[PDB]
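One structure is given here, and the rest of the page talks about it.
Reminder, nothing fancy here: chain letters follow the sequence lines and each chain counts from 1. Whatever order the structure lists ligands and atoms in, that order sets their numbers, starting from 1. Just so it is clear, the values below take in all heavy atoms, side chains as well, and ignore hydrogens, waters and symmetry mates.
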Amino acid sequence: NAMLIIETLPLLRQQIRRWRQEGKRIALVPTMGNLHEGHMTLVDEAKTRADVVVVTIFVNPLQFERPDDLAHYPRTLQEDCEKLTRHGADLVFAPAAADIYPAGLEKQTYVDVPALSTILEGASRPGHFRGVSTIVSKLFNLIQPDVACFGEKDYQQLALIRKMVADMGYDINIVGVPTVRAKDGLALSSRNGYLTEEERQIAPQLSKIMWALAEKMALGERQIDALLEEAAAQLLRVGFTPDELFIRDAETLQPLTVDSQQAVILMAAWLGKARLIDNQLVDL
Amino acid sequence: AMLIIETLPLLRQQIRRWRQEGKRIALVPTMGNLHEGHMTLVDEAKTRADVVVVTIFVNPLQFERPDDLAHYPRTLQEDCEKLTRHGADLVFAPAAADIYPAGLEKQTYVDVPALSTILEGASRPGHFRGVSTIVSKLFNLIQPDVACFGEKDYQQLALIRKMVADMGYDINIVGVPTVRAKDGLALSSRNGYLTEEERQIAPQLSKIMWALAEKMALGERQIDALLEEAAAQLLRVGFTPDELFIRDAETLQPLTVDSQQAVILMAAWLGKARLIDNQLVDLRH
Ligand SMILES: Nc1ncnc2c1ncn2[C@@H]1O[C@H](COP(=O)(O)O)[C@@H](O)[C@H]1O
Ligand SMILES: Nc1ncnc2c1ncn2[C@@H]1O[C@H](COP(=O)(O)O)[C@@H](O)[C@H]1O
Ligand SMILES: [Cl-]
């Protein structure tokens with residue numbers, strides 16, 4: 001059937017109740033719009049795991065550290081929906097912030113996931129991950145999905161939502177979707193557009209440096225701090241200004257431990273206007 | 001026959017079956033040691049859905065006093081036998097280690113900042129965060145159509161309504177009037193904390209609250225003087241009053257010219273028990 005596009009909470013609730021009463025398995029893909037092929041893979045994955053796929057498009061002011069970053073987030077609903085219909089989404093939910101947070105941001109009920117919200121990317125962005133856990137919890141309550149897809153691309157977010165779901169008793173399968181890459185190896189990102197032509201040809205070096213490290217760990221290498229000193233310099237060498245790098249436990253994002261079962265390598269490096277980032281999971 | 005479930009996976013199996021059967025579900029959250037007040041919630045819930053789930057869980061996250069948690073009464077077998085006669089369909093009685101497997105330090109929480117820090121939340125810092133967290137988790141686990149709560153915990157009820165409105169829960173929140181002993185004392189699991197002697201003094205809280213309400217019915221509106229007198233009377237009979245309030249019944253803010261109903265919110269220690277009570281007062285004349 002034709003994809004539905006719903007902007008209001010009452011119309012949403014009507015449709016969600018209908019699907020729930022019919023016993024349809026619901027998948028949810030949360031987004032903030034401005035969609036590219038990475039996001040389409042999320043929708044393709046969701047479609048294989050449920051009867052109906054709900055895609056949200058909502059630029060979430062509770063997760064913006066600077067209120068002005070909202071004013072400059074691209075709004076491209078028509079083009080987002082062209083892509084989503086072609087990938088078989090059943091419903092696009094695109095609400096106004098006034099309808100989602102009618103009582104304002106400061107006194108809005110929130111969900112906080114301790115420790116995971118305030119380390120790493122959370123350290124520099126007070127309140128960011130509270131905004132993420134809050135909206136996602138709200139979307140879970142509104143749409144009542146059996147399955148929800150998130151990109152491995154924003155790995156801390158994925159880990160954050162997995163913990164919230166485990167702690168808060170949500171019966172929802174959280175699916176982490178592998179990053180979509182150019183034939184280069186470069187991970188697809190909205191922000192790849194602000195690189196120059198010459199910079200776009202250096203960009204692949206982030207993934208390649210990252211994967212050299214993964215293969216050492218597969219062979220047994222464990223001296224973590226030195227692996228990372230290496231990579232900050234391999235990268236300096238070839239034209240990046242590295243942000244700090246990490247190798248952490250895949251579940252908690254804490255430093256690795258004799259008991260860690262899976263690691264994540266977390267890369268972040270500057271090239272002109274864009275901060276590029278990549279990551280890779282290593283089995284232990 | 002009433003079911004009893006302890007484990008989260010078994011609970012989810014049963015909630016799925018009921019939904020497959022097209023059942024509407026009501027939820028009544030409790031911390032056990034059930035009394036006639038709890039039974040009235042259950043009876044109300046049974047009028048509102050096909051099946052009623054009653055939860056029994058002494059929630060450590062809502063106890064800001066370690067002495068209170070340690071001594072809170074646990075009477076699970078007695079609780080289940082009363083619920084069987086009031087036709088509860090399922091009692092969910094989980095272990096803390098299952099609800100909070102890694103303990104509380106790193107447990108994801110839900111906070112309702114509109115209501116969690118004022119009034120009873122000021123007197124009990126940390127408490128309401130525990131309430132919203134466990135209630136949110138129960139809502140996610142059970143996905144009820146209806147949930148019933150006691151007017152006894154008046155601010156708790158408004159806090160849960162606010163959480164539901166803000167977080168997109170498709171759950172009808174129903175309030176149930178307070179049930180009292182024959183002598184007027186509001187029933188409560190913490191009444192067991194009273195000595196035999198103190199139990200005979202305890203009804204004075206309601207008496208004093210109702211004396212205040214009668215003065216308001218006669219037109220008195222000097223709120224701080226009314227509350228000072230009630231505190232003096234509580235002291236006189238052997239209570240130690242906590243902070244007392246009189247607020248707009250709908251918003252819980254201070255009364256204004258627009259207010260049509262007030263709520264008197266009482267709290268007072270008697271021996272080891274911190275008793276609370278409340279009363280709505282119709283301001284219209
Ligand atoms: N290249 C990619 N591959 C897979 N998922 C992605 C990719 N880029 C973004 N996502 C996911 O899309 C969602 C919204 O991300 P963003 O585009 O950064 O707002 C998140 O779940 C991301 O992790
Ligand atoms: N005396 C009472 N009358 C009506 N409801 C009550 C009474 N005492 C407790 N409740 C309600 O029973 C539920 C569980 O209370 P508690 O077990 O004290 O956590 C809450 O919704 C309370 O507000
Ligand atoms: Cl309590």
- Task: With side chain to side chain contact (heavy atoms under 4.5 Å, CB included) as the test, would you mind laying out the steps for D277(B) and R180(B) before giving the verdict?
- Result: CA-CA 10 Å; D277(B) 202 346; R180(B) 300 169 180 288; 2.9 Å; yes

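Atoms of ligand 1 found under 4.0 Å from any heavy atom of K153(A) (numbered from 1 in listed order, with element): 6 (C), 7 (C), 8 (N), 23 (O). Within the listing of ligand 2, atoms 13 (C), 14 (C) sit less than 4.0 angstrom from a heavy atom of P29(B). Near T178(B), meaning under 4.0 Å from any of its heavy atoms, are these atoms of ligand 2: 3 (N), 4 (C).
The part of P177(B) lying near ligand 2 is the backbone, judged by heavy-atom distances below 4.0 Å. Here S188(B) has no heavy atoms under 4.0 Å from ligand 2, in either its backbone or its side chain. Of all the heavy atoms of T31(A), none lies under 4.0 Å from any atom of ligand 1, so neither backbone nor side chain is involved. Under 4.0 Å from ligand 2, not a single heavy atom of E151(B) appears. Contacts between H35(B) and ligand 2, counted as non-hydrogen atom pairs separated by less than 4.0 Å, involve the side chain only.
Atoms CZ and CD1, on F92(B) and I4(B) in that order, are 13.0 Å from each other to the nearest 0.5 Å.
At least one heavy atom of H39(A) sits closer than 4.0 Å to an atom of ligand 1. At least one heavy atom of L41(B) sits less than 4.0 Å from an atom of ligand 2. No heavy atom of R190(B) sits closer than 4.0 Å to any atom of ligand 2.
Judged by distance alone, with hydrogens and angles left aside, the side-chain atoms of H86(B) form no donor-acceptor pair with the main-chain N or O of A88(B) at under 3.5 Å. In this structure, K152(B) contributes its side chain and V179(B) its backbone to no donor-acceptor pair below 3.5 Å.
Atom CD of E82(A) sits in a crowded spot, with more than 12 heavy atoms from other residues, nucleotides or ligands closer than 6.0 Å. No more than 12 heavy atoms of other residues, nucleotides or ligands lie within 6.0 Å of CD in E78(B), so this atom counts as exposed by the packing criterion. Applying the 6.0 Å contact sphere to CD of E251(A) captures no more than 12 heavy atoms from other residues, nucleotides or ligands.
Among protein heavy atoms, the minimum distance from atom 2 (C) of ligand 2 is reached at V179(B) N, 3.7 Å. Among protein heavy atoms, atom 23 (O) of ligand 2 sits closest to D153(B) OD2, 2.6 Å. Among protein heavy atoms, atom 21 (O) of ligand 2 sits closest to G150(B) N, 3.0 Å.
Counting all heavy atoms, side chain and backbone alike, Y193(B) lies closest to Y72(B) at OH-CA, 3.4 Å. Shown here for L253(A) and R248(A), the closest heavy-atom pair between the two residues is O-NH1, 2.7 Å.
Heavy-atom proximity to atom 19 (O) of ligand 1, evaluated over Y73(A), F150(A), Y155(A), is greatest for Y73(A). Nearest to atom 1 (N) of ligand 2 by heavy atom, out of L187(B), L185(B), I276(B), is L187(B). Across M32(A), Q157(A), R181(A), heavy-atom proximity to atom 20 (C) of ligand 1 is greatest for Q157(A).
Side-chain polar atoms of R190(B) and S188(B) form no donor-acceptor pair below 3.5 angstrom.
Under the 4.0 angstrom criterion, atom 5 (N) of ligand 1 counts as having a protein heavy-atom contact.
In this structure, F149(B) and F139(B) have perpendicular ring planes: the angle between them is above 60°, well past the 30° mark.
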